[PDB]
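Reading through the C-alpha cells given below for one structure.
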RNA sequence: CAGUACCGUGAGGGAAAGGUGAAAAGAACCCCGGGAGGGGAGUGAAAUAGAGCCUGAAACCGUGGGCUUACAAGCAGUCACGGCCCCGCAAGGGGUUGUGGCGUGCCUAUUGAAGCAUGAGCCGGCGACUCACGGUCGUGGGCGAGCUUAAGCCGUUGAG
RNA sequence: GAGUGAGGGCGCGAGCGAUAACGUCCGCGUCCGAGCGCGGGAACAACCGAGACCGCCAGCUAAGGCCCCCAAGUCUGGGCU
RNA sequence: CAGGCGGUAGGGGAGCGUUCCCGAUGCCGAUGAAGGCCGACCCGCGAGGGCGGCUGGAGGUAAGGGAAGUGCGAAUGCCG
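Chains as they are written, first to last, in the authors' numbering: chain D, 53 to 197; chain P, 1 to 101; chain O, 2 to 118; chain H, 24 to 161; chain Y, 5 to 60; chain Q, 2 to 110.
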C-alpha cells in the first residue's frame, strides 16, 4: 500500500540511524508472512479410505455395532416415528451411533440427530464414530463391493 | 552427659532425647530400633576414658522416627549471559530421636 | 493465526520481583536490575553457601590453640600426638568442648603427646 | 549447631612494659591478645578485650639497628610536602606516641580495631590514672 | 554542562528538611478577643489606640 | 468523623508538602491560626478546606470546636495539561502542568 | 465526525481518540460556598457504579505504619553469627540490618575486558527466518515390480 | 549438518628487528581464548600447583604456607648475614 | 557396580509455558471463570505447575492430540 516515501536523514537524523517508512514499528506495518492465502492443501486416495473404516468398525464389532442394511422405520419423515424404532430396536443414550441411508425420505426425516449422524450420499464421518460406536449401512454395494 | 558419632562426614553430640537433621539412611519409619559405632563418649560428671577407640564390642544407641522432608536449594551462576538458572536440590532430612550407649 | 505476547513477560519477570524485592531500591524496582542482582545474590548467595564452610573451619581451629595455650601447649603439635597413636578425629569443631567444661579435653591433650616416651 | 558463642564475654585487665622491652617486636603480641583471643568463648564478631596498660613507655629496649636507620613514613603531603622524623628524635619526643608508632604501623582495621585499641595507656610512670586491675605479665 | 543520569529522592528531601514550615507569629489584644499578628488591623478586639475598625 | 479533602487544582504537592508536616500535631485552632497568615499561595486554599470538614463533621458526625485535634494529613500528585513555549533555533521547549490531590483529617479528642 | 486536527508553497504530507448500567432511572434538599470543587442524604444489587463513569496494573506520589542512620571507603547484593517489633503453645517462621569475613555489574565486541571504547531516560505494551511452489537427505508409514493421477463432470449445508 | 583463515601469550628453537618491544612472520608444545568460575601471586586469562552438579559448624594432601592486619612451631640444631 | 560431569559458536534429547482447532446439541462457574494483590504449603531439577484467602464481575475450556504472526531487557528502535 505505497508508503509515504521515506523520511529524515541518517548520519544525524532525530537520533536513530534509520529512515524508511517501511514502518518496522507501527502496530500495522512491515512485519512477517506467517499466514498467506494458501493454507497448504494436501490429500490422498481410496488406498486408505477403505482399510481405515475396516479395522475400526471391525473392532467396533468386537464391541457390537449392528448393520440392518435396508428397512422400514415408519413414516420415513417424523422424528418420534423413528423413535418407535429406537426403543423397539434397542439403542439408547450413551454409546453414540452412526448410519447411512441414501433415500431423501430419511433425509427430511432425521433432521436434527441428537446422539447420532444421519447421512445421505458417500462421505466418511468415522470422526464422531471414533468417540462413539453403533452403526448401519446401505447395502454391501454402497460400502463399495 | 553427651556422646558423638559420624553419619558420613557429619559429627554430632546429643543429650538424652534430641534430633533434627542428619540427611538420612534407609530402614522403615518410626518404630524400628538401630545403632552403629561410637568415638569415645561424652562429657560432664565423670567421663574421660577414650584411648585407642573402643568402637568394638560396644556401640551407641538410638531410636527411629521418619518424617522425610524435601529441602529446597536455589542454584545459579552468571558470567557472559551464561546464568544457568532453574535448579533446586531437594535432598533428605530426618526427625528421629536418640538414647544411650 | 494471531499470536502476540500479552502477559507471559510478567510471569518470567515477576519471580524476579519477589525473589529479590528486599535489596537496595533500584536493584529491587527494575525487572532488569533485579534480574542482574539476582545474578549477584546468585553468584554471591552461592558464593556464601560456598563461603560458610571455608569460614567456620578456621574459627574453630585457632580456638583449639586457645584450649592448649592455657592448658600447656599448642595446635599442630598436639595433633600428630594423637593421630599416630590411636583414634583420630575430635573434629576441629566438636572440640567445642572448649566452652562446655574444660578439664575434659585436658586429659586427652596429654594423651596426644603420650606417644613420645 | 554447636553455637559455641561466648554470650556476654566481659573484658579483663592487665599491665606490661619495662625500660627493656623490645618495641614493635612485641606489639604484634598485644593485639592478638587484646581482641580477647585467649578467651575460649569466642566469635570474631563479639568485640571483647583485655584493658591494657603500658608503663615505662620510653627508652624501652631500642631494638637492634634502628638508631639513625629507621624512618617514619606517614602524613601525606597536601601540596608536595609531608612529614618524617626518625629514631633519635621522635623516640625521645612525645614518648607515649613514640612506641605507639611501631604499633600504629600495622594494626587491624574497622570499628572493631578501634573499640579494642582504646584500652592502651602509655608513658613511663608506672602508675595508671584510673586504677582498675593491673595483673602484669612479661 | 549536560550530565548523564537519573535522580535519587534521597538528597531531594535531605536538602529541604531545611525548607520546613516556619510559622508567622501571633500577638496579644484584650477587649473582645484578638490575637492578631505583628501590628495588624482587624475587627477581632480591634485595638484601643487608633481609628480603623469597630469597637462595640 | 471529621473528613476534609483537597482536589482538582493545577499546581504541585511540593508547594503544600510544607503545608502538611507543620499542621499535623497541633489542634484545629493552632493550625487554622498559623496557616491563615502564612501566605505564599497554599494558605488561601487549605482554608476553605478546614471549613468543609468543619460544616459536616459537626452536621452529620457530631463533634465540637476545641475537641477536634489535627490528626494528620496526606499529600500526593494528580492530572496535568498540555502547553508549549517559543525558544532557540525554531526549537520546541515543551511541557505540561502538575496539579494537586491531597487529604486532611481531624478527630474526636 | 479523519482522509477531519495539524503541517505544506505546492505537490502533498498525514492524527490520537471504542466501552456507565440490566434501566440515567443522571444527585432533590439542607450545611462549605467564587461558578469550581465538597459532605450528609437520596435513585441505586454495587457511586472503590457518577459523568478523563467497566475491570484497572507499570514508570511515578506521598499521609500515615513498622526495621533503620551522623566515624566515616561504598556494582552494593551476599552469607556468618547476633540483636531489636510481627504469626506459630512449641520446635522456631518473618522483616530488617549491627560488626564482620564476600563483593569488577551487564547487553554488544573480541589475541584481549569489570570497564570514561557502543547502546540502555525509565516502566507497559508492539518487535524480526514463516510460506508459496520447487528441489534435496531423514523420519511413522501403506502398497510394493510396481507405485501415483493434473485441471474438470456429477455429487458437497456440510462430505465425496 | 555446523564453526572456523584478526588469534596471541609463554617456552625452547629460529629467520627478522640494534639477544631493542605486553612486536613481527613461523615449526612446534601448552595455557587461555572457550577454564575473568579456584588457589598462589598483595591486588591482576594466558607463570607453577588444580579441572568444576548436592548437602557439609567433614578428614588427607599437591602449589603454596607457620609474628601482625588472618590461619598452622617467632621448632630444632649448625654455621654464614 | 564401575563410568562420565566448565564447557561461546555449533550440532543432538527431551520436555515447559502461551493464542486459535475438534472432543463442545461434553464438562467447572455468581456456594466466581477471565484479570489481579498475597504465600514463607504440595510437584516439578528447571521450563513452569498447583492449591487456598482476598479484591475482581461474564465467560471459559479435559485427557487428548491438531494447528503455531508467541516465547522478547535493549537495536541513540516505535508509542503512550
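Every residue, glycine too, gets a C-beta built ideally from N, C-alpha and C.
State yes or no: is the beta carbon of residue 70 of chain P nearer than 8 angstroms to at least one beta carbon in chain O?
no
Mind checking residue 14 of chain Q: buried by the 16 CB within 10 Å criterion, or exposed?
buried
Closer than 7 angstroms, Cβ to Cβ, to anything on chain P: give me those residues from the stretch 59-92 of chain O, in chain order.
87, 88, 90 and 92
Mind listing the chain O neighbours of residue 60 of chain H? Cutoff is C-beta to C-beta under 8 angstroms, in chain order.
63 and 67
Along the stretch 61-87 of chain H, where does the CB come closer than 9 angstroms to a CB of chain O? Name the residues.
61, 62, 63, 64, 65, 66 and 67
Determine the chain O residues that contact residue 25 of chain H at a beta-carbon separation under 8 angstroms, and present them in chain order.
94, 95 and 97
Just to make sure I have the definition right: I need the residues of chain Y whose C-beta is within less than 7 angstroms of the C-beta of residue 38 of chain Q. Which are they?
28 and 41
Give the C-beta separation of residue 144 of chain D and residue 138 of chain D to the nearest angstrom, bearing in mind that I take them to be a contact with Cβ-Cβ under 8 angstroms.
7 angstroms
At the 8 angstroms Cβ level, is residue 41 of chain P part of the contact set with chain O, yes or no?
no
Using a Cβ cut-off of 8 angstroms (strictly closer), state whether residue 50 of chain P contacts chain O.
yes
When you compare only the Cα positions, how much space is there between residue 53 of chain O and residue 44 of chain Q?
60 angstroms
Start and end of the beta strand (DSSP E) containing residue 12 of chain P?
11-13
8 angstroms is my cut-off, CB to CB: does residue 24 of chain Y come that close to chain Q?
yes
Got a sec, what are the start and stop residues for the beta strand (DSSP E) residue 78 of chain Q sits in?
77-79
Alpha carbon to alpha carbon, what distance is there between residue 105 of chain D and residue 157 of chain D?
26 angstroms
Euclidean distance between Cα positions of residue 161 of chain D and residue 152 of chain D:
13 angstroms
Any idea what DSSP makes of residue 97 of chain O, helix, strand or coil?
helix
Assign residue 56 of chain D to buried or exposed, taking buried as 16 or more other Cβ atoms, counted over all protein chains shown, within 10 Å of its Cβ.
exposed
Just how far apart, CA to CA, sit residue 104 of chain Q and residue 32 of chain Q?
15 angstroms
Check whether the stretch 94-101 of chain O touches the stretch 61-74 of chain O, taking contact to mean three or more Cβ pairs, one atom from each stretch, closer than 8 angstroms.
yes
Using CA atoms only, rank isn't needed, just tell me which of H:90, H:76, H:69 and H:89 is closest to residue 53 of chain H.
H:76
Alpha carbon of residue 33 of chain P to alpha carbon of residue 86 of chain P, nearest angstrom
39 angstroms
Could you tell me the distance, in whole angstroms, from the CA atom of residue 15 of chain P to the CA atom of residue 21 of chain Y?
58 angstroms
Given this structure, state the Cα-to-Cα distance separating residue 150 of chain H from residue 143 of chain H, to the nearest angstrom.
13 angstroms
Option in D:150, D:166, D:86 and D:83 with minimal Cα separation from residue 120 of chain D:
D:150
Limits of the unbroken beta strand (DSSP E) element including residue 62 of chain O
It is not in any beta strand (DSSP E) - residue 62 of chain O instead sits in the alpha helix (DSSP H) that spans 54-72.
Reduced DSSP category for residue 34 of chain H - H, G, I as helix; E, B as strand; rest coil
coil
Reference residue 88 of chain O; option with closest CA among P:23, P:49 and P:60
P:49
Can you pull the DSSP bridge partners for residue 100 of chain Q?
Q:79
Can you tell me where the beta strand (DSSP E) holding residue 74 of chain H begins and where it ends?
73-77
Considering only their Cβ atoms, is the gap separating residue 40 of chain H from residue 79 of chain H smaller than 8 angstroms?
yes
Taking 7 angstroms as the limit between beta carbons, can you name the residues of its chain near residue 61 of chain P, skipping five residues before and five after?
35, 99, 100 and 101
Give the straight-line distance between the Cα atoms of residue 44 of chain H and residue 108 of chain H, rounded to the nearest whole angstrom.
22 angstroms
Which of the three DSSP states is assigned to residue 94 of chain Q in this structure?
strand
Where the alpha helix (DSSP H) containing residue 13 of chain Y begins and where it ends:
13-18
So with CB distances below 7 angstroms, who are the chain H contacts of residue 100 of chain O?
27, 63 and 64
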